[PDB]
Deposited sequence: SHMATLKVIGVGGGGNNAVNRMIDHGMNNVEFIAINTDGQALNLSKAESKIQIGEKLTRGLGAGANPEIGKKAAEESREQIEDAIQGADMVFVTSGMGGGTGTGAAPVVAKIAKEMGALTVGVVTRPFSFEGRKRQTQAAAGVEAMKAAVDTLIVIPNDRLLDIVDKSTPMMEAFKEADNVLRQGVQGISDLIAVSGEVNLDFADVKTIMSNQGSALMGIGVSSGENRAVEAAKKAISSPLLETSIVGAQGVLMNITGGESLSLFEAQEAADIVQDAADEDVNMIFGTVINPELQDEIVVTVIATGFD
């Protein structure tokens, strides 16, 4: 499975520059031609050249949205061949904010599992909130992750793709009535209220993702999956919890039972829990635990 990481706008370009420093391709997209010159990505696309001709360096999301639509054909050609796509506009609230949803819409309408990666903190009248809402509408799964843990999505790409495929199958079948899902990785400083606005009023779920390898991998992966402030409060009171651990041939029943215990003890006593264990060679020595909390 081939992955493509697309940084949109100044923020995404800087994110992409850091992640370059494999089997993952990097694309940089921006309305600002001056900034793409500073991108280290092998694939660069300047979008909306007709639309932005004569303008200066602007911060209008609408220009970015229409810039991406003007260059739709160039974007499809660069994404062609991608199984999964990571789209992020990074720490910026300008054109990239508007272009990034369109890039995801293209990746999605091309049949690639499309993940929106949000590093910019948010919660309502900021441009950040508007962008996050727009991205949410366009992607299969939105994932919120600390800016300093950004390299994890490329470093641990194969386990992450298993987690996003799990979220995809949960949505498709409406497991435990879930119809809307946001993913979390790392020490994301948020509570359900900060994201309640932009999720469906019934069927909303939060998925924590923990990945680890080496010694005490199962314990660490399971604890990271529930260590985010967002999962710590949501897991308490959660009427339902979907728990899955996936590893390679080396995954023992001891590691699987321990991970389940850690999640069960954190969860409510009356919680309706579904436990899953999967032996998947492709993970090699990596472990990934997903914990989906619903029914708040």
Any chance you could give me the deposited-sequence numbering of all the stretches lacking C-alphas? 1 to 3, 25 to 27, 130 to 134, 308
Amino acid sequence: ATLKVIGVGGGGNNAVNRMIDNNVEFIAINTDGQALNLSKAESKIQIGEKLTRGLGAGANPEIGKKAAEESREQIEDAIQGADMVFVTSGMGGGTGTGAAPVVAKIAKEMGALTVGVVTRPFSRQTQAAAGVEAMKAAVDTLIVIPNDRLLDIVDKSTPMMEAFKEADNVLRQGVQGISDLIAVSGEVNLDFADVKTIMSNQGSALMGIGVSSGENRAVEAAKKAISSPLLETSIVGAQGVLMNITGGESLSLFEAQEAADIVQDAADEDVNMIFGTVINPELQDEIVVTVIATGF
From here on, numbers count along this sequence of modelled residues.
Determine, for stretches 144 to 152 and 124 to 132, which one has the higher mean CA B-factor as deposited. 124 to 132
Output the stretch having the higher mean C-alpha B factor in the entry; the candidates are 203 to 211 and 87 to 95. 87 to 95
Among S71, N169, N189, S179, single out the one with the highest C-alpha B factor in the record, please. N189
Selection by C-alpha B-factor (highest) of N14, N23, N280, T277: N23
So, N30's CA B-factor, relative to its chain, sits in which third? The lowest
Place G56 in the lowest, middle or highest third of its chain's C-alpha B-factors, as listed in the PDB entry. highest
Ranking every modelled residue in this chain by its Cα temperature factor as given in the entry, which third contains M160? middle
Which third, lowest, middle or highest, does the CA B-factor of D77 fall in along this chain? middle
Should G240 be placed in the lowest, middle or highest third of its chain by the C-alpha B factor in the entry? middle
